[PDB]
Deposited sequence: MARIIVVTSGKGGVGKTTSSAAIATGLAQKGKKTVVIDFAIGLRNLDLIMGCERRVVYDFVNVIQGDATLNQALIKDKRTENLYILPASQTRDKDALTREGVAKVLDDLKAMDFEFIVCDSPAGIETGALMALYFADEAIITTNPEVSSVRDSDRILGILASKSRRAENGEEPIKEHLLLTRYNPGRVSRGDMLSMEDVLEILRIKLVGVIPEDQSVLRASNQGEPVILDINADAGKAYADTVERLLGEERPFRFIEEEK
């Protein structure tokens, strides 16, 4: 099982959008996938996946033995192969607890465990990357987001379980998000290349600014399901790349 954390440091860059689109895309491709909301006290993944009303038990309920993984997992209705473990709503997440949940999920034969991290570098975010095998560093072409992604790379290299044990390091990928090639050429926005020269890691996707993303969360339908959305297509490309297939980068020139 590949445990993939979707992380960022900076708030509101597209972690939830990306965790949902990518988990769905993987499920579509027949890979049994669960996406877990690691947020502490805010439930946003269930809202974007459109299952906010089927949420009975959550991630912390399972850790404190008030519910089984089977009771808390919500099977997506729209896409086969896809499951959601939603976030607690108390103001809890223990290292031993999270480890136990992840082992149970491997035992249930999940191929991909997508960890939808919260913002920051404190508790919930640290917990989502700690057991990761890969990290999707989600970044906007903006100054706060590039600075906070760099800090998150520092933590991925020193505070993860792989770093703290001299194992093979977390495989890191840059997901450049809310890109606008026209803005870049008028000189108003950091380009894809500017961002690579600074956070020096492998590009795994570029998601264009797209009015489809607001419409997708409004309906609780991840944006990859909208087959006309450029953001959707770029997320389907990303999923291909995660599965080992080369795909040319679209939506980087105007």
{"property": "Sequence ranges without modelled C-alpha atoms (deposited numbering)", "result": "1, 93 to 95, 259 to 260"}
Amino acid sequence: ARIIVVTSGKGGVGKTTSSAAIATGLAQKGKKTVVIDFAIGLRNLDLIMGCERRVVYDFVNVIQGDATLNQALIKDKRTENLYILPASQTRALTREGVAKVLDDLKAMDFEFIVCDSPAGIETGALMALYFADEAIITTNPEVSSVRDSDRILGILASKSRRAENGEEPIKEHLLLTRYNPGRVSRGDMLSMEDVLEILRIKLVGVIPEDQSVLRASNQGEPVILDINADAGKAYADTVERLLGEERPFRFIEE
From here on, numbers count along this sequence of modelled residues.
query	finding
156 to 164 versus 130 to 138 - which carries the larger mean C-alpha B factor in the record	156 to 164
Of 240 to 248 and 9 to 17, the stretch whose C-alpha atoms average the higher B-factor in the entry	240 to 248
From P86, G97, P181, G120, residue of greatest CA B-factor	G97
Residue with maximal Cα B-factor (values as given in the PDB entry) among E172, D116, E80, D150	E80
Where the record places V213 (Cα B-factor, split into thirds across the chain)	middle
Assigned third (lowest, middle, highest) for the C-alpha B factor of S145	lowest
Third of chain Cα B-factors occupied by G65	highest
Third of the chain, ranked by Cα B-factor, where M192 sits	middle
Among modelled residues of the same chain, the CA temperature factor third for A92	highest
